[PDB]
Amino acid sequence: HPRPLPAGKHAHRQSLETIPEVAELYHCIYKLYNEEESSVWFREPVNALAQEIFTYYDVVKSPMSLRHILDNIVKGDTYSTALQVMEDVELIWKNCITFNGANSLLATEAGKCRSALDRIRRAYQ
Amino acid sequence: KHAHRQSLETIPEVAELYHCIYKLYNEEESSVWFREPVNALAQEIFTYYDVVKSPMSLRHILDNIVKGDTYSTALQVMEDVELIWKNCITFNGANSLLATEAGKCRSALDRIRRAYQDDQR
Ligand SMILES: CCOC(=O)Nc1cc(-c2ccc(C)c(NS(C)(=O)=O)c2)nn2c(C)nnc12
Ligand SMILES: CCOC(=O)Nc1cc(-c2ccc(C)c(NS(C)(=O)=O)c2)nn2c(C)nnc12
Ligand SMILES: [Br-]
Ligand SMILES: [Br-]
């Protein structure tokens with residue numbers, strides 16, 4: 001018996017029998033949608049984010065956030081050392097690369113955060 | 001958002017680091033993506049459909065071209081592509097990183113379109 005079909009990416013049509021100026025533009029828009037890192041935000045309808053949030057919990061084995069680390073420090077039942085804390089902070093960055101890819105704007109943001117923490121920690125001295 | 005504890009009675013190296021992580025979480029623009037758990041971000045989806053009158057995506061434009069019952073001209077197609085950028089500014093503001101990304105996309109399309117036509121000639 002047939003299960004309902006999952007959502008996915010647009011299947012590209014090598015050839016189309018519409019107007020040439022529209023067909024050309026289609027091929028161009030497909031490349032943008034498929035290859036350009038900056039298109040990530042605009043590829044799919046916004047309601048497909050639910051689906052992506054679901055895929056995140058399938059892809060990333062150990063999810064992590066700054067909130068989760070801060071709340072765990074306060075609770076006092078998780079972290080005995082600063083190195084333990086930093087392994088979770090590194091994990092945020094590793095998860096981000098894992099899910100978003102190294103070329104993504106989010107990978108760049110993760111890198112900025114890493115060094116912004118280094119700055120703040122060194123300035124705390 | 002996490003309520004900051006001015007003083008904590010954990011180890012000094014952990015406590016110092018906590019204060020540092022809080023500043024990152026609270027003040028650093030680049031931390032926005034990593035502040036809260038990913039499942040908290042589903043909330044924004046519903047607000048988007050309240051704010052943006054005519055939502056639009058690249059998927060919607062691509063599927064509509066293929067179907068052949070929407071777009072008669074290239075200018076029609078581009079009005080929907082422009083709409084994606086107008087919606088982005090509307091929802092995120094002009095100064096946002098996402099507004100910059102929308103701008104990069106506009107030009108990335110210009111690049112690809114010109115590389116398509118110059119490739120032919
Ligand atoms: C200031 C920070 O605000 C935001 O993060 N804003 C926005 C975020 C996203 C968004 C997130 C994640 C993903 C994976 C996608 N891609 S998808 C599944 O829709 O193809 C889109 N779309 N978006 C659109 C449209 N307009 N604004 C936003
Ligand atoms: C409709 C447009 O509104 C939004 O959905 N906006 C936002 C969306 C997301 C978001 C969702 C899903 C995913 C998978 C990701 N990527 S991540 C950070 O997990 O690597 C991001 N973050 N976000 C943050 C921060 N601030 N706003 C938003
Ligand atoms: Br988390
Ligand atoms: Br849409």
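Every chain is numbered from 1 and lettered A, B, ... according to where its sequence line falls, protein lines coming before strand lines. Scope of the values below: all heavy atoms of this structure, side chains included, with no hydrogens, waters or symmetry mates.
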Item to complete: Give the minimum heavy-atom separation between A/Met86 and B/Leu17, together with the two atoms involved.
Response: SD-CD1, 3.8 Å
Item to complete: Using the side-chain contact (heavy atoms from CB on, under 4.5 Å) rule, take B/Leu109 and A/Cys28 through it: C-alpha gap first, then chi angles, then the decisive distance, then the call.
Response: CA-CA 7 Å; B/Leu109 189 54; A/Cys28 301; 4.3 Å; yes
Worksheet item: How far does CG of A/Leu32 sit from OG of A/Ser38, to the nearest 0.5 angstrom?
Response: 6.0 Å
Discussion item. So that I can tick it off, tell me whether A/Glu52 and A/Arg43 are bridged by a salt bridge, with the cut-off set at under 4.0 angstrom between side-chain N and carboxylate O.
Written reply: no
Discussion item. side-chain contact (heavy atoms from CB on, under 4.5 Å) for B/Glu28 and A/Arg119? Distances and angles first, verdict last.
Written reply: CA-CA 11 Å; B/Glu28 194 54 64; A/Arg119 168 167 62 257; 3.5 Å; yes
Worksheet entry | Minimum heavy-atom distance between A/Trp93 and A/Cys113, given as atom pair plus value | CH2-CB, 3.3 Å
Worksheet item: Taking 4.0 angstrom as the limit, do B/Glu29 and A/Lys112 come out as a salt bridge?
Response: no
Item to complete: Indicate yes or no for a side-chain donor-acceptor contact from A/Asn100 to the backbone of A/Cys96 under 3.5 Å, with no hydrogens or angles considered.
Response: yes
Worksheet item: Regarding B/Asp63 and A/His10, is there a side-chain donor-to-acceptor distance under 3.5 Å anywhere?
Response: yes
Practice prompt. Search all heavy atoms of A/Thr81 against all heavy atoms of B/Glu13 and return the closest pair with its distance.
Written response: CA-OE2, 3.6 Å
Item to complete: I would like to know whether A/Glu109 and A/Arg114 meet salt bridge (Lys or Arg N to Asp or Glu O under 4.0 Å); could you show each step before the answer?
Response: CA-CA 9 Å; A/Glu109 292 291 279; A/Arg114 192 193 270 100; over 6 Å; no
Item to complete: Provide the closest heavy-atom pair for A/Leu91 versus A/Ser62 in the form atom of the first, atom of the second, distance.
Response: CD2-O, 3.4 Å
Worksheet item: Testing A/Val60, A/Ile53, A/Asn95 for side chain to side chain contact (heavy atoms under 4.5 Å, CB included) with B/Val38, which one passes?
Response: A/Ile53
Discussion item. Minimum heavy-atom separation for B/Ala94 and B/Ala99, please, with both atom names.
Written reply: O-CB, 3.2 Å
Worksheet entry | For A/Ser80, side chain to side chain contact (heavy atoms under 4.5 Å, CB included) partners two or more places apart | A/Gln84
Practice prompt. Could you go through the side-chain contact (heavy atoms from CB on, under 4.5 Å) check for A/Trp41 and A/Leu105 one step at a time?
Written response: CA-CA 10 Å; A/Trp41 308 103; A/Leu105 182 71; 4.1 Å; yes
Worksheet item: When you check the side-chain N and O atoms of B/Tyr48 and A/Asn47, is any donor under 3.5 Å from an acceptor?
Response: no
Worksheet item: Side-chain heavy atoms under 4.5 angstrom apart, residues restricted to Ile, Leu, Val, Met, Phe, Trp, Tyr: same cluster for A/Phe54 and A/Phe99?
Response: no
Practice prompt. Can you see which heavy atom on A/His27 is nearest to which on B/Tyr116, and at what distance?
Written response: CD2-OH, 3.8 Å
Worksheet item: How many angstroms lie between NZ in B/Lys67 and CD1 in B/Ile65, if you round to the nearest 0.5 Å?
Response: 12.0 Å
Discussion item. Is the ring pair B/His4/B/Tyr22 parallel, tilted or perpendicular, if the boundaries are 30 and 60 degrees?
Written reply: parallel
Worksheet item: With side chains defined as the heavy atoms from C-beta onward, is the minimum distance between A/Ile29 and B/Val77 less than 4.5 Å?
Response: yes
Worksheet item: Does A/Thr18 use its side chain to pair, donor to acceptor, with the backbone of B/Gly68 at less than 3.5 Å?
Response: no
Worksheet item: Given A/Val89 and A/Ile69, is the side-chain contact (heavy atoms from CB on, under 4.5 Å) satisfied, shown in steps?
Response: CA-CA 8 Å; A/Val89 175; A/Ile69 295 163; 3.8 Å; yes
Worksheet item: When you check the side-chain N and O atoms of A/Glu44 and A/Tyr33, is any donor under 3.5 Å from an acceptor?
Response: yes
Item to complete: Give the cluster check for A/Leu83 versus A/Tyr124: same hydrophobic cluster or not, with ILVMFWY residues linked at side-chain heavy-atom distances below 4.5 Å.
Response: no
Discussion item. Between A/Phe42 and B/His60 (judged by ring centroids, cut-off 6.0 Å), do the two rings come close enough to count as a pair?
Written reply: no
Discussion item. Strictly distance-based, threshold 3.5 Å: is any side-chain N or O of A/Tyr57 a donor or acceptor partner for the main-chain N or O of A/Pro63?
Written reply: no
